[PDB]
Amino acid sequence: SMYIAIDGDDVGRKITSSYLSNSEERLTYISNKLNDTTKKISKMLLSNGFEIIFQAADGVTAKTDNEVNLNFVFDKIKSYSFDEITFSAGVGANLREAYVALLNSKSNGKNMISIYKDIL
């Protein structure tokens, strides 16, 4: 079993910027683009034998017992970024390891994938 956790990089900053500048359009644009992006990632993971566990905000968590090419999967994730919003990912044997792996990515540059085993 493989668990992967994906989350947008520094998304709250762009949302806070829209509020402070009183820009309904950019705030609405961001919200729509995020929802559309999380849909693409979720349907991409489904096409590669993943089971969607979580799909809300700017993150998507899925699992799978089939063989997967993380290089191809995360390559697709990076291809879904818009403006300067990237996505980080963490892989592990369970939910905890995937979450801890995601923390490692978002704390070492973001826009990257971290495999829990490679953190030890």
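Numbers follow the displayed sequence, beginning with 1.
**Student:** Quick check on the record: does 54-62 or 80-88 carry the larger mean Cα temperature factor?
**Tutor:** That would be 80-88.
**Student:** Between 93-101 and 10-18, name whichever shows the higher mean Cα B factor according to the PDB entry.
**Tutor:** Going by the record's values, the stretch with the higher mean is 93-101.
**Student:** Would you mind finding, among 34, 73, 46, 27, the residue with the largest C-alpha temperature factor in the entry?
**Tutor:** Comparing C-alpha B-factors across 34, 73, 46, 27, the top value belongs to 46.
**Student:** Place residue 2 in the lowest, middle or highest third of its chain's C-alpha B-factors, as listed in the PDB entry.
**Tutor:** It falls in the middle third of the chain.
**Student:** Per the entry's values, where does residue 119 land by CA temperature factor relative to the rest of its chain, in the lowest, middle or highest third?
**Tutor:** As the PDB entry reports it, the C-alpha B-factor of residue 119 lands in the highest third of its chain.
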